[PDB]
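S.K.: First the structure, then my questions, so here it is.
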Amino acid sequence: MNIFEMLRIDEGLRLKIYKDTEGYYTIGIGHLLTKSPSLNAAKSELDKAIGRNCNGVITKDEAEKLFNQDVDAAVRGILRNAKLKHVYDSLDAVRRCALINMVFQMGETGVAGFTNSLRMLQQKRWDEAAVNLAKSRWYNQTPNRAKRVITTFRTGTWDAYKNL
């Protein structure tokens, strides 16, 4: 398993504009288009993103393109963020994937707000940190996903995704 396989399990694949768990306009593999309520604003962003007139729908190919950019941006974001980079560099390969997943879903800013858990992950207090991450809006809103990410940080293995 790798970051891409992991995220594609968590996000799914949709070739037509759809709404987030949050009600936001998205397409592809978890690519948010706009937080705005108009499908029209969403369509506009989509064509902007792809470089063609999509009319709300893209090919697999385009979805994968967006996905590659999004993963790259996530990693780059981690590396540029002081807070983030420190934890990242401290982690093993599997756990690094769990931090990337969080950043992909919630953004740099969002993850950097998990101050206490980040501290615990740095210290390698896996069990403590798993308990602390669960105390969040994130876990309450998308529990099955948060819990896969969480077991990932807890164990350092891919077991949560083997099922899936």
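Just so we're on the same page: first chain in the structure tokens is A, next is B, and so on; residues restart at 1 for each chain, and ligands are numbered from 1 in the order they show up.
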Using only C-alpha atoms, what does the table of region 2-75 of chain A residues within 10 Å of region 143-155 of chain A look like, with each row giving the shortest atom pair and its distance in Å to one decimal, sorted by chain and ascending number, as CSV?
M.R.:
residue,atom,partner,partner_atom,distance
A:6,CA,A:149,CA,9.7
A:9,CA,A:145,CA,9.4
A:10,CA,A:145,CA,6.5
A:11,CA,A:145,CA,9.2
S.K.: As a PyMOL selection string, please: the residues near residue 137 (chain A) (cut-off 12 Å, only C-alpha atoms, same-chain neighbours under 2 positions excluded).
M.R.: chain A and resi 106+110+113-114+132-135+139-143+146
S.K.: Please produce a file of those selected residues containing N, CA, C and O atoms, as an mmCIF file, in the first residue's frame.
M.R.:
data_model
loop_
_atom_site.group_PDB
_atom_site.id
_atom_site.type_symbol
_atom_site.label_atom_id
_atom_site.label_comp_id
_atom_site.auth_asym_id
_atom_site.auth_seq_id
_atom_site.Cartn_x
_atom_site.Cartn_y
_atom_site.Cartn_z
ATOM 1 N N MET A 106 -7.865 17.953 5.339
ATOM 2 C CA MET A 106 -8.178 19.077 6.162
ATOM 3 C C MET A 106 -7.359 20.309 5.935
ATOM 4 O O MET A 106 -7.664 21.368 6.428
ATOM 5 N N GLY A 110 -5.440 23.392 9.186
ATOM 6 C CA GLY A 110 -6.255 22.531 9.992
ATOM 7 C C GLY A 110 -5.424 21.563 10.825
ATOM 8 O O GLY A 110 -5.611 21.482 12.024
ATOM 9 N N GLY A 113 -3.462 22.842 13.681
ATOM 10 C CA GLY A 113 -4.195 23.118 14.908
ATOM 11 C C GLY A 113 -4.280 21.927 15.891
ATOM 12 O O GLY A 113 -4.818 22.019 16.997
ATOM 13 N N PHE A 114 -3.796 20.767 15.503
ATOM 14 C CA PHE A 114 -3.833 19.670 16.437
ATOM 15 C C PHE A 114 -2.560 19.671 17.259
ATOM 16 O O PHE A 114 -1.878 18.696 17.386
ATOM 17 N N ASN A 132 -6.054 11.242 22.003
ATOM 18 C CA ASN A 132 -6.171 12.714 21.798
ATOM 19 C C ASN A 132 -6.760 13.122 20.393
ATOM 20 O O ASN A 132 -7.514 14.081 20.246
ATOM 21 N N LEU A 133 -6.389 12.407 19.313
ATOM 22 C CA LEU A 133 -6.888 12.739 17.967
ATOM 23 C C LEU A 133 -8.412 12.505 17.866
ATOM 24 O O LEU A 133 -9.099 13.087 17.040
ATOM 25 N N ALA A 134 -8.904 11.562 18.660
ATOM 26 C CA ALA A 134 -10.307 11.130 18.605
ATOM 27 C C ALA A 134 -11.239 12.175 19.217
ATOM 28 O O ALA A 134 -12.451 12.227 18.971
ATOM 29 N N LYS A 135 -10.649 13.062 19.980
ATOM 30 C CA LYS A 135 -11.390 14.147 20.604
ATOM 31 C C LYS A 135 -11.459 15.313 19.653
ATOM 32 O O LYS A 135 -10.931 16.392 19.973
ATOM 33 N N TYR A 139 -13.065 13.585 13.981
ATOM 34 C CA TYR A 139 -13.448 12.203 14.305
ATOM 35 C C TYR A 139 -14.966 11.993 14.447
ATOM 36 O O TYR A 139 -15.554 10.992 14.063
ATOM 37 N N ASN A 140 -15.599 12.941 15.075
ATOM 38 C CA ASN A 140 -17.053 12.924 15.190
ATOM 39 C C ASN A 140 -17.793 13.078 13.836
ATOM 40 O O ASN A 140 -18.851 12.503 13.662
ATOM 41 N N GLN A 141 -17.239 13.829 12.866
ATOM 42 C CA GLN A 141 -17.893 14.027 11.585
ATOM 43 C C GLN A 141 -17.635 12.875 10.600
ATOM 44 O O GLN A 141 -18.532 12.496 9.822
ATOM 45 N N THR A 142 -16.392 12.340 10.571
ATOM 46 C CA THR A 142 -16.049 11.225 9.672
ATOM 47 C C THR A 142 -15.377 10.189 10.472
ATOM 48 O O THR A 142 -14.191 9.964 10.277
ATOM 49 N N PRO A 143 -16.096 9.585 11.411
ATOM 50 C CA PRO A 143 -15.537 8.543 12.278
ATOM 51 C C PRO A 143 -14.818 7.300 11.623
ATOM 52 O O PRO A 143 -13.782 6.880 12.105
ATOM 53 N N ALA A 146 -11.523 8.707 10.102
ATOM 54 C CA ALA A 146 -10.653 9.150 11.199
ATOM 55 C C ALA A 146 -10.131 7.899 11.905
ATOM 56 O O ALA A 146 -8.975 7.735 12.253
#
S.K.: Considering only C-alpha atoms, can you say which of A:41, A:97, A:103, A:49 comes closest to residue 73 (chain A)?
M.R.: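 Looking only at the distances to residue 73 (chain A), the closest residue turns out to be A:103.
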S.K.: Calculate how many Å separate CA of residue 104 (chain A) from CA of residue 74 (chain A), rounding to one decimal.
M.R.: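 Taking CA of residue 104 (chain A) and CA of residue 74 (chain A), their separation equals 5.6 Å.
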S.K.: Pick out the residues sitting within 7 Å of residue 25 (chain A), and hand them over as a list in words; count only C-alpha atoms, and ignore anything fewer than 4 positions along from it in its own chain.
M.R.: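 Counting only the stated atoms, we get residues 17, 18, 19, 20, 32, 33, 34, 35 and 42 of chain A.
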S.K.: Residues of chain A in strand (DSSP E or B) according to DSSP, as JSON, numbers by chain?
M.R.: {"A": [14, 15, 16, 17, 18, 19, 25, 26, 27, 28, 31, 32, 33, 34, 57]}
S.K.: For residue 127 (chain A), which residue among A:156, A:40, A:16, A:89 is the nearest when counting only C-alpha atoms?
M.R.: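 Smallest separation from residue 127 (chain A) among the options: A:156.
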